[PDB]
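Below you will find one chain, with nothing else, as structure tokens; this is the form deposited in one PDB entry, and questions on how it binds or moves follow later.
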């Protein structure tokens, strides 16, 4: 399964050396060094910039580098160049028949100040409840770059179920808005204690929690 976890945004200025880690798990733990690093610009099919953890294919600018130990492979961009802005991925062969991919590090050559995400959690209103409908909305506003992660916990227990997340969208202030939503049932929302929207932005992580109350 795609057990190769990667940082969302990765960003820098022309010059500094942006790194892009990639983690995973199990089997022959870190016993496979089939880690391959790929760039892709927004309109292209994915260039392979590295492989066999430490290897670059014919040419590939010696400022792109690789590294790996335990559970973490890394791709350091030693001296960011303007056209280094792109999507970046990890890949690992789980065994024969198997190929595991990363989540992607959108790397941005910073135009603005790096903006840290405003997150706000809303629970299903009285009325929606009155309609046998349960939706929660985690508005994520104002980040830069538009590259975030969202994880929903129910009583701290990270549920992989009914939820979506919008794409980040350049607001009229060039900051990115997104939306993760969760769709529940007044039984399961009542039959619980707490609901977390855990949002992360390279080098940060919020978790705002809403608790079920009543009135009606």
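Positions refer to the first chain, counted from 1.
Not pictured, yet referred to below: the form deposited in another entry.
Which listed residue lies at the hinge, 171, 135, 180, 110, rigid motion between this form and the one not shown: Checking the domain motion between this form and the one not shown, the hinge sits at 110.
Would you mind telling me if residue 150 and residue 10 are closer or farther apart in the other entry than in the shown form, C-alpha to C-alpha, with a 3 Å or larger change?
-> Compared with this form, residue 150 and residue 10 lie farther apart in the other entry.
Between residue 39 and residue 170, does the Cα distance in the other entry come out closer or farther than in this form, changing by 3 Å or more?
The answer is closer, because the C-alphas of residue 39 and residue 170 approach each other in the other entry by 3 Å or more.
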